[PDB]
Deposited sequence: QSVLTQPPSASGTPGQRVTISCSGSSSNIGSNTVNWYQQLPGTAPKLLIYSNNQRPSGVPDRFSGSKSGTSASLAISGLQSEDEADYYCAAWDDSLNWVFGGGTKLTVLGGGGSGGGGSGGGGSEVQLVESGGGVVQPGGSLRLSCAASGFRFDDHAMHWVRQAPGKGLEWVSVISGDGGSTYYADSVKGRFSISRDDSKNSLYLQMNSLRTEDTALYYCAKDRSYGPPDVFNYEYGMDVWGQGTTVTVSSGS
C-alpha cells in the first residue's frame, strides 16, 4: 500500500507538492508513475521513471524519487489542475499497487474502446472485451484497472506483449482470466463468480512497455486509457 495525502490545496501561481510514501518492496526497488484524473474522465500518465514525462504533459509537472518516497511538484498550478493524482509502483509481490488519490482543490490516434457490462447476478459471470486500433498491439502490454464510483483506482490483471506472463491481484486471483488475440487486436477479461464488491468501470489501460513490470521495472506506465464499461453486479 502507498500512503498519500488525501487532499491538498493551493493558490493559483504557487507550487504545491503531493508526497507518496511506500515500502522498500514497491518504490525502493522499482519506479513511480503518477496519474491525473479530472472529474468524470480517464486517468492520464504524468510522470514515468520518476523523472520523465511524455510529450503531452507540460514541463510544470516535476517528479522525484528520494529513497522509498516520491513527490509530484506542480509549479504554477492553473484552474485546470483540479483533479485527483495517484501514484503507481510494481511491488515485488507481483502486483501493481496504486495510491489513494489527492483532491487538489484550487482556491481561485490510439483509441481503446471496451464493451460488455450490466447486472451480473452476484454469483454469475460476465465477459469483457477491449478493442484496440493503431498502436502495434503485439508490442505493448495491456492492463485492467477498475474504479468503484467515488473510490480510487484498483489494478486487476496484466498481460505482456508475448502473452507468456499474466499476473492478477490477490482479490481477483482464481476468478478472473485474461487473454489477448494478436490477430483480432482485442483484449479479453473473463470474469467468473462476480461478487457484490466488483462494481466498477474496468478501464482498459494500454501499457507503454513490452514485458511485464517485473522484468522491465524502469519503463512501465499506462499511457492510453479508454472509456470504462460500468458493470452493475447486484441483487
- prompt: For this chain, which runs of the deposited sequence have no C-alpha coordinates, given in order from the N-terminus?
  reply: 1 to 2, 111 to 124, 252 to 253
